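>>> coords below, sequence missing:
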């Protein structure tokens, strides 16, 4: 099983920067990031 | 000779396992999605009410993030939970998030000034919001 | 021969468990963080009111630290919770934290000097603030 | 040839599953309904107490909707939770809902005027009701 | 022939269930008892404080019943939660239940007469107790 957590996020202009923490013990690869709208599960920006 | 039958039985069992896997994936997906999208909840609140003759007008805002539809309104008597007037609305009214709408209690019911009355509105999905007011 | 079917069943169960874990992580994340974000509270206060002819002007101060949008204003009658004038504003007004804004009650409603009135402002999110004044 | 054994094993599994289902239904029914009934609550309250010589008389009011049986009564010392007199009643007394009964503390115990005394009654099911009084 | 494989599979499943039982008992026991013991709560209160030159002496009395170790002491500024002096003590001091001991703020920090200061002491387990005084 795999565990991830994001500690904090920051916004600079129109760019979103996210810090990701691996509480697991195995190497982790990040594939994509999204910005989801509330209660509709529809992406605004993101991709591979 | 039994070896051939055993191999065929193994093949049959493998095919059955593949079928079970296919159905299991489909079912877990559909049931999980159903549970997840029933998980969401809706919020309503009525700010103020007004009386014009024998007609009651109610203002409802959807403070949630999803649209909600108003389907019925009642005027309940206090401490007995018995309706005096109400029923299904002629046409359901849709309330956009962050907006307001006016809802009128269906039918015509007399009221007594200075009496205790509960005005109640119910959503299409079933969320309940209400308040009380003193009849003029 | 049943051993092969058992191994396939174990593999199917493991894959199903992985899928359940994936959705469970996604759901706990989204719902838990939504609850955390909606846990926040919002503060408003109206400093003073002024009457010009038949128009009521109210100054609303954002004593909170989050942006606020004003949606409606009312003039409530005493102890009957029935509005005399009010409704949705033409365009919502945004109030920055630590700042002040002026809000006009929609429409035109006459008043009686020395009578009791409750002026009330409501946010887009539903936060309620009010006060009373003596009509000139 | 192994096919016959496989079919027999399938039949045996079917019969075992049927038996497991039968017991499962029976057990879930009995235990679930036992929990459902035991979830109910029991309410008692004592209206007033009176002392005649060395006998303590207590009136117990059944505010609940279920019959109640009184099995024991005590006279507890203040702040130490140590009994002075009490025990099982000679015969349990039944108190109908909406009615009242008189309960006498078992045995005879001397008392001191102006002292802190706790009179306590316990139901057959275990519900606790009590009060304090100043001995004359 | 599949019957033998089925019997061996049943035996393997039984052994696995026994192992699961063993670990489950052990783990539920250890985690349950850990939660039970960490459920306990700890109490501190400081009776009075005294100032000699630039050294602050605090008397700590355990109203609790368990042994306590004092590990740090601070002098916090008013309403800004910023320490002026403090740190880990050179050697933690054990204070017996029902007794009192003297704790000195580590290091040397100047004071201003008639100023608003908060003196604070923390346990080895993290329990917090403090009070305020007028600096002479």
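In hand now; what should we look at? Numbers count the residues shown, from 1 in each chain, chains lettered A, B, ... in the order given.
>>> and residue A:28, what is it in contact with?
Contacts for residue A:28 (C-beta atoms under 8 Å, 6 or more residues apart in numbering or on different chains) come out as A:2, A:4, A:20, A:22. Using the backbone N, CA and C atoms, a C-beta is placed for each residue, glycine as well.
>>> which one is the most centrally placed residue in chain A nearest to, not counting chain neighbours?
Residue closest to the mean C-alpha point of chain A, counted by C-alpha atoms, centre = their mean, is residue A:33 at 4.9 Å. Closest residue to residue A:33 apart from its sequence neighbours, by C-beta to C-beta, 6 or more residues apart in numbering or on different chains: residue A:46 at 5.6 Å.
>>> Please tell me I have it right and the one you found contacts residue A:18.
No. Applying C-beta atoms under 8 Å, one finds residue A:46 not in contact with residue A:18, separated by 11.4 Å.
>>> anything in contact with each of the two?
With C-beta under 8 Å, 6+ apart, residue A:46 and residue A:18 have common neighbours residue A:33.
>>> Count the residues that sit near the residue of chain A at minimum distance from chain E.
Relative to chain E, the nearest point of chain A is residue A:1 (17.8 Å; C-beta to the nearest C-beta). Each residue near residue A:1 was counted by other C-beta atoms under 10 Å in any protein chain shown, and the total is 8.
>>> need the contact list for it.
residue C:21.
>>> ditto for residue A:22
A:3-4, A:28.
>>> which ones are touching residue A:17?
A:9-11.
>>> Filter the residues you listed down to just the ones in strands.
Among the contacts of residue A:17, the members falling in strands (DSSP state E) are A:9-11.
>>> List only buried entries from the residues you listed.
With neighbours counted by 16 or more other C-beta atoms under 10 Å in any protein chain shown, these contain no buried members.
>>> And the contacts of residue A:28, which of them are buried?
So, by 16+ other C-beta under 10 Å, none of those is buried.
>>> Tell me which two of those residues sit farthest apart.
Using C-beta to C-beta, the pair of those lying farthest apart is A:2 and A:20, separated by 12.3 Å.
>>> and the residue nearest to residue A:33, how many neighbours?
Around residue A:46 there are 11 residues (other C-beta under 10 Å).
>>> cool, residue A:39 as well?
Residues near residue A:39, counting by other C-beta under 10 Å: 16.
>>> same deal with residue A:25?
When neighbours are counted by other C-beta under 10 Å, residue A:25 registers 6.
>>> likewise the one 4 residues further on?
A count of nearby residues for residue A:29, using other C-beta under 10 Å, gives 4.
>>> what are the phi and psi values for it?
Main-chain torsions, residue A:29, degrees, to the nearest 10: phi -120, psi 130.
>>> now the strand or helix carrying the residue nearest to residue A:33, how far from the chain's geometric center?
Per DSSP states H and E, residue A:46 falls inside strand A:43-47. Put simply, strand A:43-47 sits 11 Å off its chain's centre (C-alpha atoms, centre = their mean, to the nearest Å).
>>> How about stretch A:11-25?
6 Å.
>>> And stretch A:13-31, by the same measure?
Centroid separation between stretch A:13-31 and its chain, computed with C-alpha atoms, centre = their mean, is 6 Å.
>>> ok, residue A:4 touching residue A:24?
Yes. Between residue A:4 and residue A:24 there is a contact under C-beta under 8 Å: 7.5 Å.
>>> interface residues of chain A facing chain B?
By C-beta under 8 Å from any C-beta of the partner chain, the residues of chain A that approach chain B are A:38-40.
>>> try 10 Å this time
A:37-41 (C-beta under 10 Å from any C-beta of the partner chain).
>>> among those residues, who's most crowded?
Counting neighbours by other C-beta under 10 Å, the top entry in the residues of chain A next to chain B is residue A:39, with 16 neighbours.
>>> Excluding sequence neighbours, find me the nearest residue to that residue.
Leaving out its chain neighbours, the residue that sits closest to residue A:39 by C-beta to C-beta, 6+ apart is residue B:65, at 4.1 Å.
>>> Farthest pair within the residues of chain A next to chain B?
Among the residues of chain A next to chain B, A:38 and A:41 lie farthest apart (C-beta to C-beta), at 9.2 Å.
>>> Quick check, the residue in chain A closest to chain D?
Closest point on chain A to chain D, by C-beta to the nearest C-beta, is residue A:1, at 30.8 Å.
>>> any idea which element residue A:35 lies in?
Going by DSSP H and E, residue A:35 is in strand A:33-36.
>>> what sits against residue A:6?
Neighbour list for residue A:6: A:18-21, A:33, C:29 [criterion: C-beta atoms under 10 Å, 6 or more residues apart in numbering or on different chains].
>>> partner strands of the strand or helix carrying it, parallel or antiparallel?
In the assignment (DSSP H and E), residue A:6 maps to strand A:5-12. Looking at strand A:5-12 with DSSP bridges, its partner strands are strand A:15-21 (antiparallel).
>>> For the partner strand, which residues meet the burial criterion?
Buried-residue list, strand A:15-21, by 16+ other C-beta under 10 Å: empty.
>>> what angle do that strand and strand A:43-47 make?
70 degrees (axes from the mean of the first three to the mean of the last three C-alpha atoms, to 10 degrees).
>>> my guess is the residue nearest to the centre of chain A meets residue A:18, correct?
Yes. Taking contacts as C-beta atoms under 10 Å, residue A:33 lies within contact range of residue A:18: 6.7 Å.
>>> Please list all residues in contact with residue A:23.
Contacts of residue A:23 by C-beta under 10 Å, 6+ apart are A:2-5.
>>> So which residue of chain A lies furthest out from the middle?
In chain A, the residue most distant from the centre (C-alpha atoms, centre = their mean) is residue A:25, at 19.2 Å.
>>> Most proximal residue of chain A with respect to chain C?
Nearest residue of chain A to chain C, counting by C-beta to the nearest C-beta: residue A:1, 6.2 Å away.
>>> I appreciate the help and will end here.
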